[PDB]
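Presented as structure tokens, the chain that follows is alone, the form deposited in one PDB entry.
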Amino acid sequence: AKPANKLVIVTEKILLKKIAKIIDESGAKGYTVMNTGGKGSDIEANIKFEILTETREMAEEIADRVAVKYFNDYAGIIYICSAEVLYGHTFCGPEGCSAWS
């Protein structure tokens, strides 16, 4: 297994393409996005991005860049979880996630 940070961004849907561009420019290999309901009826339609990164640095760079650009003006939360990647051709490369020295 390969260590990873899982970065989660929950914010306004209008920001979808701008945030995707930031993730793309970061070096992260990819992302998952989903429609959510958010209360922060007063439920509103949000989006949630999930990004695995190999380093905590990469995750903080994405978080910092999203927040600095948008979070004065738009509601949002960004948080980080630990994770281990078991399989993932792009994340782990072709040697896979359980290579030996």
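Quick note: we count residues from 1 along the sequence shown, nothing fancier. What we label the rigid core is the largest C-alpha set whose atoms superpose within 1.5 Å from one form to the other. Only residues modelled in both forms are compared.
- For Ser41, the record comparison shows coordinates absent in at least a third of the other entries of this protein that model its neighbours.
- Per the record, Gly40 and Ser41 are separated by a gap of 10 or more residues from the deposited sequence that were not modelled.
- The question of which stretch, 18-26 or 88-96, has the higher mean Cα B factor is settled in favour of 88-96.
- As recorded in the PDB entry, 67-75 is the stretch of 45-53 and 67-75 with the greater mean C-alpha temperature factor.
- For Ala4, the recorded CA temperature factor ranks within the middle third of the chain's modelled residues.
Same protein, other form: the form deposited in another entry, not shown, and the subject of what follows.
- A movement of the C-alpha atom of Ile14 falling short of 2 angstroms is seen between this form and the one not shown when the two forms are aligned on their rigid core.
- Core-superposed comparison between this form and the one not shown: the CA of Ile23 stays below a 2 Å shift.
- Relative to the superposed rigid core, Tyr87 undergoes a CA displacement of at least 2 Å between this form and the one not shown.
- Relative to the superposed core, just one shifted segment between this form and the one not shown, defined as three or more consecutive residues with every Cα moved by 2 Å or more, spans 81-97.
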